[PDB]
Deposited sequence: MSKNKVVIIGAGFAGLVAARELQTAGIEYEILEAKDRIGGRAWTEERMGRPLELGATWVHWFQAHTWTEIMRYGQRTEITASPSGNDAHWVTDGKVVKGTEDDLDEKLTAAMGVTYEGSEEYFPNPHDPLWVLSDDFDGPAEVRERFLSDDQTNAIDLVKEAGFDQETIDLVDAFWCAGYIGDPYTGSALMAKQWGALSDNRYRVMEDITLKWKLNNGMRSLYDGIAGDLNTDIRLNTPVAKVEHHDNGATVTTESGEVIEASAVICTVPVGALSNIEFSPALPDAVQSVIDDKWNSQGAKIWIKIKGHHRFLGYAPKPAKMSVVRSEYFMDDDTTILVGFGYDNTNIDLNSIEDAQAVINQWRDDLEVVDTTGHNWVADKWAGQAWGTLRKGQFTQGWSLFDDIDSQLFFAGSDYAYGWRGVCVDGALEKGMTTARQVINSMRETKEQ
């Protein structure tokens, strides 16, 4: 009687929540598999996360799932102490990972500068704009002005040298997973608030701990608790507010739609979504990048930073294989400028820093070109912190759930999908009671 569109983390956790309350539900999933933009698959001789990878106990919703399904001790840290290379004035500089981290730390300190006034409760991201904001008017003005500023311009205005600008350029090409110069700096500021305003805490939370048994141990865990079957290979095309696809029509008390913004053009809504919501769909988010896995010869502890418009902006060693090869991960700002499955393209990526390392394999999934995704992880363009993700939360019987609409670790983390799927389910339960 409640229809859930999509079998990613948001949809799966909503279903389990409905089940506990005794409410009948049904999940419709377009693809042949569950998990969505989290996807654990064997490639290049080992389980690889083609989507989501990193977790942390400071992420309440992800961590409780880790505990529920037996993964408490099944996490391992990405390797550290890599030889670092970064591109700055068209040239390559070699240093240690702590040289890079200390430069990033100082720049992040300046990047976070208003978060304590904006986010005393970092899970109340729009407090500054609410009727109960008790602070000074200048705080609200700087808040709105920061939504129209990108994170790199904050560091330029503070007078860092060109080297640090190129480092934060590289950093945010990965962070925004797209063009950082069109992004809203408020996204970076909330990440700080959620990480006690320290760069190393932010990095431990988002880029350190990997699941030994992969994201699939969590999403197969949730699906395994479900008492109703998931309808795979059942894309939705219309929703009225209940509608349907390929002729089959569904009736239901309510609809929980977890389809990402980048793929909402495949569904017709009747009545049409409000103008401000539709303008986000047309403008979507800031997530046009791509994630690659590259295998090279030998065992090498490697870290590489390169600014826009490089094919990949952050590349790091992750696994040391038993046949004397290394698997590195990389993040790049523009999916249309790299073939993730072309060994030549992967060799061109490594050649950004070194001429002596040899690519032997490469793989990835281009989430942006994926018809049922149309983006990577959700990130914010200028203006979308205050007029973006919050427009989706109208539709008395239609609900938007998903990591891209979360209050906390929005878009970039499974924690946001687990948060928003569960609370949307509670919205449905409360209204029915």
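May I ask you to mark the stretches of the deposited sequence that the structure leaves without C-alpha coordinates? No C-alpha coordinates exist for 1-4, 246-251, 404, 445-449.
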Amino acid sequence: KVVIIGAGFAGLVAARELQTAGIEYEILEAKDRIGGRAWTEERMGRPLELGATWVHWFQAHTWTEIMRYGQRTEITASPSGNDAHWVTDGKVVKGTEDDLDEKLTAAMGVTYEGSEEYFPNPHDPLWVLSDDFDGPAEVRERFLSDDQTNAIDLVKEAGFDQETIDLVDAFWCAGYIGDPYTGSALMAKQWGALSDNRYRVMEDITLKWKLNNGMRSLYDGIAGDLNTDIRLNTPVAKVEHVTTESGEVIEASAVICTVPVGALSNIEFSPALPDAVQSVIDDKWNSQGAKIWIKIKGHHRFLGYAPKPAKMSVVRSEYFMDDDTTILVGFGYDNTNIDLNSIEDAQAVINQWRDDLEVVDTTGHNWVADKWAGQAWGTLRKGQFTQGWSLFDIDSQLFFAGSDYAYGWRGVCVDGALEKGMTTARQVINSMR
From here on, numbers count along this sequence of modelled residues.
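Heads up, when I say rigid core I mean the largest set of C-alphas that superpose within 1.5 Å between the two forms.
Rigid core superposition result in 6 other deposited structures of this protein, more deviant of 130-138, 144-152 by Cα: When 130-138 and 144-152 are compared in 6 other deposited structures of this protein, 130-138 lies farther out.
Fit on the core, then compare CA atoms: does 77-85 or 187-195 lie farther from this form in 6 other deposited structures of this protein? After the core superposition, the stretch with higher RMS deviation in 6 other deposited structures of this protein is 77-85.
Among the other PDB entries compared that flank it on both sides, is residue 379 unmodelled in a third or more? Across the other compared entries, residue 379 is absent from none.
Taking the other PDB entries of this protein that cover both neighbours, check whether residue 29 lacks coordinates in at least a third of them. No.
Should the higher mean CA B-factor in the entry be assigned to 89-97 or to 257-265? That would be 89-97.
With reference to the PDB entry, specify whether the mean Cα temperature factor is higher for 247-255 or for 352-360. Here the higher of the two C-alpha B-factor means belongs to 247-255.
By the CA temperature factor listed in this entry, which of these ranks top: 197, 227, 206, 76? 227 has the highest C-alpha B-factor of those listed.
Sorting 404, 370, 41, 65 by Cα temperature factor from the record, which one lands on top? Result of the comparison over 404, 370, 41, 65: 41.
Looking at the C-alpha B-factor of residue 144, is it in the lowest, middle or highest third of its chain? It falls in the middle third of the chain.
Ordered by C-alpha B-factor within the chain, which third holds residue 46? Give me lowest, middle or highest, please. Highest third, going by the recorded CA B-factors of the chain.
Residue 238's Cα B-factor: lowest, middle or highest third of the chain? For residue 238, whose C-alpha B-factor we compare with every modelled residue in the chain, the answer is the highest third.
Chain thirds of CA B-factor: placement of residue 329: Lowest third of the chain for residue 329's C-alpha B-factor.
Residue 55, C-alpha B-factor rank within chain (lowest, middle or highest third): As the PDB entry reports it, the C-alpha B-factor of residue 55 lands in the lowest third of its chain.
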